[PDB]
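The structure appears below as structure tokens.
Numbers and lists here come from the model and the stated rules, or from a named source; these are not laboratory values. Cβ placement follows ideal geometry from the backbone for every residue including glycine, while neighbour counts extend to all protein chains displayed.
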2 protein chains.
Amino acid sequence: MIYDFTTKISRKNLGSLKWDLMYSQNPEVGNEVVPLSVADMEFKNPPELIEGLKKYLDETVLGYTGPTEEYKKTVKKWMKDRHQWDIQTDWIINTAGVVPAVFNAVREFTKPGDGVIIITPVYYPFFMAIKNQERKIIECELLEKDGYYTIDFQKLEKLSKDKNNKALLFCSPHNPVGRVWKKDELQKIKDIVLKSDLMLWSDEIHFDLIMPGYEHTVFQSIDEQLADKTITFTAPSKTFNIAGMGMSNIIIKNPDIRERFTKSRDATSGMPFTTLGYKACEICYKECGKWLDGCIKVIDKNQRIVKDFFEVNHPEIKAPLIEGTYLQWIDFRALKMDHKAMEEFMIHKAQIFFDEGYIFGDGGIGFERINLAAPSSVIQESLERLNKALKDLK
Amino acid sequence: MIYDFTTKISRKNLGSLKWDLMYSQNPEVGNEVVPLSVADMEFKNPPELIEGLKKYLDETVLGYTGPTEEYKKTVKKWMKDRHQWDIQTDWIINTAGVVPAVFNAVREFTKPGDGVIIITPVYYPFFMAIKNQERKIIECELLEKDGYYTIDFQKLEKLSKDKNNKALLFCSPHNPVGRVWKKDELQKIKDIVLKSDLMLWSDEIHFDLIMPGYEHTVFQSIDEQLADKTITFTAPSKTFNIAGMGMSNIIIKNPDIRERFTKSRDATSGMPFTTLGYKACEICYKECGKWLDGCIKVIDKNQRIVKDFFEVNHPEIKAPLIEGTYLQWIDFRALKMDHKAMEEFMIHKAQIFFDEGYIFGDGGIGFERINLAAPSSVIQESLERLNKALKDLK
Ligand SMILES: Cc1ncc(COP(=O)(O)O)c(C/N=C(\C=C/OCCN)C(=O)O)c1O
Ligand SMILES: Cc1ncc(COP(=O)(O)O)c(C/N=C(\C=C\OCCN)C(=O)O)c1O
């Protein structure tokens, strides 16, 4: 089919959390502005998805629904074909979303007072999942060298020596810095984890969005023993812009860990009964592979436009290329504005809506995260508006 | 439009928890057998809903979605028009399901050791919400006379005196006895609650399926002060057969109680982002009223066919008419079979799949719950099959 990645769309007054946030922040925002914040695409969904769901509505009843064996096989085939990862269909545990699955993980495998290690700066909900449940947030700050982030293995090893720490909440690819971890880096983290009593919770929700030139590696696929104590969070929501269909595939090899995760899930959120949620995942995996490839190309072209934009108009600001996700990390520190004032500047002067770096942790202070999943023309419009705003700032 | 309540459908191999459960229990079930357990309908979804959903799919983007103002107004209108209940839009808190919402009520407003009063026999998850979270189940057993259920007010008031009991978890209409509470009964319960420090958790998810001859009263609409400490669980799921669209509307008047519920919901399941869930509820509410009325007539017609069937065929078994829901409570006590062996009989001999009464509490042992939401033809087929099994049992 013909794929549209050029049509500027409008989600105004449609229930989009992203757009509604924008208007709430700047009621006077211009009608031509597009928000570049929340992680969902400003592209229509795969045509095959839409046709498939419509066709499905005429063949099924919208009552209590669970995953069929075909659905499970389909999920399993996607992991082999796309990630050289062999999973068992009975390793699949469904939740309405990854975040709830992470909260459920904290709740079941740790208690109040226990420590949970997160590598910061990172997707803020990681923090909430931990602190909002009386658990201790143990930060292993990423090392930032000239804009490239790497893991402080020394600190990580030290942290794993504290018995009060019960798990490593890992993000791969890493939102917001866009790091796609190398096998070497993963192997090092592995020895440390295998030497400690830490469980591995690996949020790999962005694993299908890898920029040309790089390759994602499912963390638990590199070692049997590691897998034995790893919970990998995955979904097709980010990959195919369906965070609104409410379906996730939590991969858990260890039968005990898996049953414990389930019993904890059933006493909190329960099993997802969504009928179209399962179906949307199955269709995307079976029929939307080409759409994803086209989408990745556009995303790659966008990160390069953003990078060239700053090199041409405001060199002291840097927007380096990323390895994964469609969220680019932009260093605005040379602008010398305190994050609150910068945010103010961005929202009301440039009417450009990023995900202010500071919300991912203090290490994100001075940075901005731009959502690259939009037509290249929308990105150019936004940047040109920022160009005028930064020039006026002088 | 034309409404179909006559086509015998099949939910085999489509992920239905009901049908799949049937083959799980009796792998040798007939291919002509329709299960009558789980509370979802064996009727095709309202046409308006289907056409609406397909149309919306060509228009929207399936990303992070929340409720629109139009969405809220619609829920408020349904509450006024259908239940003479005056509610404000900000009283509306959404959750994926009513059970998770109930689990959330226990979790936030009580603590391990505390007691929660439930009027048994009743929907099994109620017991789970409590005991699975280290809370105590305080049973206020129903009074049963000739098959008519009433509240043991004497025991209720007594229980409301034990300050260790934090709240009454009310089911109205009451699954599985079909009771639709009378204004005067609610009045008595209201007084016990207002005279004590009990919170009121009224699950009224079945309040739209009222049988010809009765009127349901929204518990918190009878007294302002009761509403001040009441959480009402509502949903369009049972009404329009969309338990698979996952969208609940928990109504909470008091701002503080509401905020606690929300923060609690966000520490477990989180906000529902399911875009279609919001749209389905809106459409059914705005367009499927005629469908609902037609649907209740068939259900009422079926309950009477069941009641007559036993009178004419096996008088010692009683299936008295119900006032609400489409789940009829049948008394097989005269059969002198212990629930376990009786269940075995139904499943394998009559191949009729009920919701064995004993799962709703000891007071259910000897009873069977039949799902009347199916074409009258399928109900007849089901009865005739049992008819033979009973005669064979002699
Ligand atoms: C009083 C009551 N509350 C809540 C619910 C469920 O609400 P939800 O969580 O879907 O929003 C039901 C239906 N419960 C049944 C349905 C099945 O539950 C198991 C589904 N696989 C039944 O057979 O009685 C009910 O009778
Ligand atoms: C590492 C990571 N995990 C999980 C999720 C969300 O998973 P869910 O619970 O939907 O399955 C995201 C996207 N998080 C973003 C957006 C979410 O907004 C949610 C509220 N609208 C973002 O802008 O980085 C993410 O980056």
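Can you tell which of B:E282, B:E323, B:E344 is within 14 Å of another protein chain (Cβ to nearest Cβ) and either away from ligand 2 (no atom under 16 Å from the Cβ) or under 26 Å from B:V180 (Cα atoms) (or both)?
B:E282
Out of all the residues in the stretch A:367-394, which are of a type in the set (A, V, I, L, M), in a strand (DSSP E or B) and over 16 Å from A:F43 (Cβ atoms)?
none
Residues of the stretch A:158-193 being over 22 Å from A:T325 (Cβ atoms) and either in the same structural domain as A:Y358 (by CATH) or within 16 Å of ligand 2 (Cβ to nearest atom) (or both), which ones?
A:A167
Please work out which residue is nearest to the other protein chains (Cβ to nearest Cβ), limiting yourself to the stretch A:327-338 and to residues that are away from ligand 2 (no atom under 16 Å from the Cβ) and crowded, with 19+ Cβ neighbours inside 10 Å.
The residue in question is A:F332.
Taking the stretch B:347-361 as the region of interest, how many residues are touching a residue at least 60 places away in the same chain (Cβ under 8 Å), under 19 Å from the mean Cα position of the chain (by Cα) and at negative phi?
6
Looking at the stretch B:196-213 only, could you name the residues that are touching a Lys or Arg at 6+ places or on another chain (Cβ under 9 Å) and either away from ligand 1 (no atom under 16 Å from the Cβ) or of a type in the set (K, R) (or both)?
B:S196, B:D197, B:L198, B:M199, B:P212
Enumerate the pairs (first residue in the stretch A:55-72 and within 7 Å of chain B (Cβ to nearest Cβ); second residue anywhere and aromatic (F, W, Y) and not in a helix (DSSP H, G or I)) with beta-carbon separation below 6 Å, excluding pairs fewer than 6 apart on the same chain, so at least 6 apart or on different chains.
Final answer for the pair search is A:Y64/A:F273; A:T65/A:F273.
Suppose we keep only residues that are within 14 Å of another protein chain (Cβ to nearest Cβ), of a type outside the set (S, T, Y) and in contact with a strand residue (DSSP E or B) (Cβ under 6 Å, 6 or more places away or on another chain) within the stretch A:78-113. Which one would you say is farthest from A:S237 (Cα to Cα)?
Only one residue fits best here, namely A:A105.
So which residues in the stretch B:212-230 are buried (at least 16 other Cβ atoms within 10 Å of the Cβ) and of a type in the set (S, T, N, Q)?
B:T217, B:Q220, B:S221, B:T230
Would you mind stating whether B:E141 is under 24 Å from B:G324 (Cβ atoms), among the charged types (D, E, K, R) and not assigned by CATH to the domain that holds B:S37?
yes
Please specify each residue of the stretch B:240-262 satisfying the condition of being under 25 Å from A:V38 (Cα atoms) and either within 16 Å of ligand 2 (Cβ to nearest atom) or touching a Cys at 6+ places or on another chain (Cβ under 6 Å) (or both).
B:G246, B:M247, B:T262
Would you confirm whether or not the stretch B:10-32 contains a residue that is on the phi > 0 side of the Ramachandran plot, surrounded by fewer than 17 Cβ atoms within 10 Å (Cβ to Cβ) and out of contact with any strand residue (DSSP E or B) (no Cβ under 9 Å at 6 or more places or on another chain)?
Scanning the stretch B:10-32, I find at least one residue that is on the phi > 0 side of the Ramachandran plot, surrounded by fewer than 17 Cβ atoms within 10 Å (Cβ to Cβ) and out of contact with any strand residue (DSSP E or B) (no Cβ under 9 Å at 6 or more places or on another chain), so the answer is yes.
Yes or no: B:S269 surrounded by 22 or more Cβ atoms within 10 Å (Cβ to Cβ), within 14 Å of chain A (Cβ to nearest Cβ) and not charged (D, E, K, R)?
For B:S269, the condition - surrounded by 22 or more Cβ atoms within 10 Å (Cβ to Cβ), within 14 Å of chain A (Cβ to nearest Cβ) and not charged (D, E, K, R) - is met.
Here's the yes/no breakdown for (1) within 25 Å of A:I365 (Cβ to Cβ); (2) buried (at least 16 other Cβ atoms within 10 Å of the Cβ):
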| position | (1), (2) |
| --- | --- |
| A:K290 | no, no |
| A:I299 | no, yes |
| A:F310 | yes, yes |
| A:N313 | yes, no |
| A:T325 | yes, yes |
| A:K340 | yes, no |
| A:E343 | yes, yes |
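Would you mind listing the helices (runs of 4 or more DSSP H) fully within the stretch A:221-340 where at least 1 residues are within 16 Å of ligand 1 (Cβ to nearest atom)?
The helices (runs of 4 or more DSSP H) meeting that bar are A:255-266, A:275-287.
Those residues that are closer than 22 Å to B:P125 by Cβ and more than 16 Å from ligand 1 (Cβ to nearest atom), I need them from the stretch B:364-380; list them, please.
B:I365, B:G366
In the stretch B:1-24, which residues are touching a helix residue (DSSP H, G or I) at 6+ places or on another chain (Cβ under 6 Å) and within 14 Å of ligand 1 (Cβ to nearest atom)?
Across the stretch B:1-24, the qualifying residue is only B:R11.
So which of A:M245, A:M199 is under 21 Å from the mean Cα position of the chain (by Cα) and within 14 Å of another protein chain (Cβ to nearest Cβ)?
Checking each option against the conditions leaves just A:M245.
Take the residues in the stretch B:23-54 that are free of Cβ contacts under 8 Å to residues at least 24 places away in the same chain and polar (S, T, N, Q); name whichever of them is farthest from the other protein chains (Cβ to nearest Cβ).
Ranking the qualifying residues of the stretch B:23-54, first place goes to B:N31.
What tally of residues in the stretch A:74-89 results from selecting those that are surrounded by 13 or more Cβ atoms within 10 Å (Cβ to Cβ) and of a type in the set (D, E, K, R)?
The qualifying residues number 3.
Quick test of your reading of the structure: B:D20 fulfils all but one of (1) without any contact (Cβ under 8 Å) to a residue 12 or more places away in the chain; (2) within 21 Å of the chain's Cα centre (by Cα); (3) more than 10 Å from every other protein chain (Cβ to nearest Cβ). Name the failing condition by number.
For B:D20, the exception is condition (3).
Across the stretch B:156-187, what is the number of residues that are in contact with a helix residue (DSSP H, G or I) (Cβ under 9 Å, 6 or more places away or on another chain) and in a helix (DSSP H, G or I)?
Selection size over the stretch B:156-187: 5.
Can you list the strands (runs of 3 or more DSSP E) lying wholly within the stretch B:56-146 that have 3 or more residues being over 25 Å from B:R179 (Cα atoms) and within 14 Å of ligand 1 (Cβ to nearest atom)?
Filter on the stretch B:56-146 gives B:92-95.
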